[PDB]
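Reviewing the structure listed below.
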Amino acid sequence: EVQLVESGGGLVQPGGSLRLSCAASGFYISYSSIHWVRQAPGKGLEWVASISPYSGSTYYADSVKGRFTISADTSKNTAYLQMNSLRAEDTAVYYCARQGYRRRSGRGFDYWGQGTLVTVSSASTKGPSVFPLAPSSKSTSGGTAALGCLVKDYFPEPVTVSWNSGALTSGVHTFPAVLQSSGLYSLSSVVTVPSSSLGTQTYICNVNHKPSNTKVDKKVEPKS
Amino acid sequence: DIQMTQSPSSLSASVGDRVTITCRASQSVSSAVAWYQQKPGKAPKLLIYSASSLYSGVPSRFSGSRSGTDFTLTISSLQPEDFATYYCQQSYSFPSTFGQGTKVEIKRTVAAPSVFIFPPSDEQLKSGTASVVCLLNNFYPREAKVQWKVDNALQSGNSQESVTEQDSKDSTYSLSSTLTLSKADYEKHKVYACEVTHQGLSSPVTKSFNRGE
RNA sequence: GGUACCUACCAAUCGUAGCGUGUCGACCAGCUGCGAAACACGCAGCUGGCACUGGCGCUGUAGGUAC
Ligand SMILES: CN(CCO)c1ccc(/C=C(\C#N)c2ccc(C#N)cc2)cc1
Ligand SMILES: [Mg+2]
Ligand SMILES: [Mg+2]
Ligand code: NA
């Protein structure tokens, strides 16, 4: 029952520093090579660093050599990646990965963590404003209505949007966040629904921005 | 540094099609090559190790082969769940190197978008900004043109588009175009229209509203 | 006088008076299997060097010893 759990991600300014941890369960990290691999939003995987067992020898990519340090503690089955002199181009999701056993899976990474987000920017954290996108009671066919929520002006990622506290999920489309010229993020979460239920069904959008500890609920209903 | 040039960068294939994805190492990496599959937002999953060995649990339709510096991942017959981004990796020497990735999406019949227009709520208007939203729902292929019009005035540079990933149930896309104006600029115009051009539309479809109705 | 042992026999070339021999092992480098193991480290096998170890076989020139 192997498992890797990352932690420590967050927002920091250029030139800042941050230490990520990767807690392993179901096996002892001292008997495997441990790797850190990053993925920038919408980009490919990039090997970041690695540490070998028994020797403790460490290896790093050219773009992080001298700034990052990989380490591991066994009396506390955990691995660590310290990042100093952080740049904007280091923003990404960071995954902890276990190299498999030499005689079973070669040098493939057989177990990965869920990843943790690291954002490097001089901008400041800010919660979103949640506005409604009301269904058009004016000009709407039977059984074809669309409503939604607009989550605007927040930073950094992510925001989560649910509908009816998790009950409504069929037909929901939550779009990827786009960065506005203001430097803040915005997205919309829409859902289609029969118009017959527009007046007899209350629709709630639950928006949540963890960095700002913001939790908002917005009712969406026709206008006038 | 050893580079891994992966091709193609993307492809749209129909269920049952055979897919081949190649990765060329800049120099020899022996057979220390692995292939991974990643679903959107999830962690990669090990498919193949040592260039050609099938990882435990991976269906037999996935296969890997080597010819010199060329490494190839083959999905003999593409299943609907094989939607994903596939990556190659060399672990012959440090630093390790990943390929740029190949995004495999699923083909399907053309589907026209359902177009909706949403004026800015009064709540937002009281803050000094106006967001007008145009939603294109459940269409295929991803290619679509959205054009904003304010009193028949062609807009440009004041809108942003965002597209979802292919829906796992019906394999369609959804797009949102947001037009941003100042409160004054908004309240000094009447007709707001979104014109959508898409392959499965014989002619462009326009959805519009008059401010205040 | 004979047999046996011992001491010495320019320089260079591992060594040797000289000829041949590259050894359990030591050292340098490489490859492979294995150790929870890409490097480092441990065990084992092999390959090429090296000649630390200066042994072994053959065979002299004298001097000496023993019989
Ligand atoms: C073919 N050749 C000529 C040049 O290549 C050789 C030269 C020298 C040797 C040395 C030895 C052998 N066997 C040797 C050395 C020291 C000890 C000890 N203690 C034991 C044996 C072998 C061959
Ligand atoms: Mg001499
Ligand atoms: Mg010597
Ligand atoms: Na030897």
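Hydrogens, waters and symmetry mates are skipped; everything else that's a heavy atom, side chains included, is used. In the text below, chain A, chain B and the rest are named by the order of the sequence lines, each starting its count at 1.
- On the P atoms, C:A51 is 14 Å away from C:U23, given to the nearest whole Å.
- Residues passing the side chain to side chain donor-acceptor pair (under 3.5 Å) test with A:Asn164, sequence neighbours excluded: none.
- Scored by the salt bridge (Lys or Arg N to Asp or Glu O under 4.0 Å) test, B:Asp170 finds no partners at all (sequence neighbours excluded).
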query = Can you give the dot-bracket line for RNA chain C, where a pair is Watson-Crick or G-U wobble with both atom distances under 3.5 Å, crossing pairs use [ ], and | marks a partner on another strand?
reply = ..(((((((........((((...(.(((((((((.....)))))))))..)..)))).))))))).
Can you list, pair by pair, the side-chain donor-acceptor contacts under 3.5 Å of residues 15-36 of chain A, counting residues two or more places apart and other chains?
unit_1: A:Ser21; atom_1: OG; unit_2: A:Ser7; atom_2: OG; d: 2.6
unit_1: A:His35; atom_1: ND1; unit_2: A:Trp47; atom_2: NE1; d: 3.2
unit_1: A:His35; atom_1: NE2; unit_2: A:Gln99; atom_2: OE1; d: 2.8

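- Between C:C56 and C:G33, the distance separating the two P atoms is 41 Å to the nearest Å.
- When the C1' atom is compared between C:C19 and C:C52, the two are found 24 Å apart, to the nearest whole Å.
- North puckering is assigned to the sugar ring of C:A29, since its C1'-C2'-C3'-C4' angle is above zero.
- Among all heavy-atom pairs drawn from B:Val115 and B:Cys134, the shortest one is CG1-SG, 3.8 Å.
- Contact check on A:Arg87 versus A:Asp90 returns no salt bridge, with no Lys/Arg side-chain nitrogen under 4.0 Å from an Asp/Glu carboxylate oxygen.
- Nucleotide C:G30 carries a north sugar; the sign of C1'-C2'-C3'-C4' is positive.
- The gap from the P atom of C:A17 to that of C:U7 amounts to 11 Å, rounded to the nearest Å.
- Remark: bases of strand neighbours C:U16 and C:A17 are unstacked by the 5.5 Å centre distance and 30° plane angle definition.
- Neighbouring residues C:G48 and C:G49 meet the stacking criterion, with the centres of their six-membered base rings under 5.5 Å apart and the ring planes within 30° of each other.
- Applying the side chain to side chain donor-acceptor pair (under 3.5 Å) definition to pairs two or more places apart or across chains, those involving residues 143-163 of chain A are A:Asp153-A:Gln180, A:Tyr154-A:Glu157, A:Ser162-A:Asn206, A:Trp163-A:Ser189.
- Between B:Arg61 and B:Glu81 there is a salt bridge, since a side-chain N of the basic residue sits under 4.0 Å from a carboxylate O of the acidic one.
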Please enumerate all protein N or O atoms sitting under 3.5 Å from an N or O of nucleotides 29-32 of chain C, with distances to 0.1 Å.
none

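- Remark: bases of strand neighbours C:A40 and C:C41 are stacked by the 5.5 Å centre distance and 30° plane angle definition.
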request  = Would you please test A:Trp112 and B:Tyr36 for ring pair (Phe, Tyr, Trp, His ring centres under 6.0 Å) and show each step?
outcome  = CA-CA 11 Å; A:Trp112 296 64; B:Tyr36 302 91; 5.6 Å; yes
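- Base stacking is present between C:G20 and C:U21; both the centre distance of their six-membered rings (under 5.5 Å) and the plane angle (under 30°) fall inside the limits.
- Of the candidates B:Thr164, B:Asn137, B:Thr172, A:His173 forms a side chain to side chain donor-acceptor pair (under 3.5 Å) with just one, namely B:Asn137.
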message = Counting primed atoms plus P, OP1 and OP2 as sugar-phosphate and everything else as base, spell out the protein contacts along nucleotides 36-43 of chain C at 4.0 Å heavy-atom distance: B, S or - for each nucleotide, 5' to 3'.
response = BBBBB---
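- For the pair A:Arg104 and A:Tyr101, the distance from NZ or CZ to the six-membered ring centre is under 6.0 Å and the angle to the ring normal is within 45 degrees.
- Sugar pucker of C:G25: north, since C1'-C2'-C3'-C4' comes out positive.
- Using the sign of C1'-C2'-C3'-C4' as the criterion, C:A11 is classed as north-puckered.
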Pairs under 3.5 Å (N/O, protein and nucleotides 44-46 of chain C):
none

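- C:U53 and C:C58 are spaced 23 Å apart, taking the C1' atom of each and rounding to whole Å.
- Taking ring-centre separation below 5.5 Å and interplanar angle below 30 degrees as the test, the adjacent bases C:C5 and C:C6 pass.
- Scored by the salt bridge (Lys or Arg N to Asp or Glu O under 4.0 Å) test, A:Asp110 finds A:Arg98 as partners (sequence neighbours excluded).
- Shown here are the ring-ring contact (aromatic ring centres under 6.0 Å, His included) partners of B:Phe139, two or more places apart in sequence or in another chain: B:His198.
- The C1'-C2'-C3'-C4' torsion of C:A51 is negative, which assigns its sugar to the south, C2'-endo side.
- Spacing of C1' atoms, C:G42 relative to C:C14, comes out at 33 Å, to the nearest Å.
- Listed by chain and residue number, nothing satisfies the ring-ring contact (aromatic ring centres under 6.0 Å, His included) test with B:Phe118 (two or more places apart in sequence, or in another chain).
- Using atom P as the reference point in both C:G15 and C:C9, the two lie 15 Å apart (nearest Å).
- B:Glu123 and A:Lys218 are joined by a salt bridge, as a carboxylate oxygen and a charged side-chain nitrogen come within less than 4.0 angstrom of each other.
- Comparing C:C43 with C:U16, their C1' atoms sit 39 Å apart, to the nearest whole Å.
- Residue pairs meeting the disulfide (SG to SG under 2.5 Å) criterion with at least one partner in residues 48-85 of chain A, sequence neighbours excluded, are absent.
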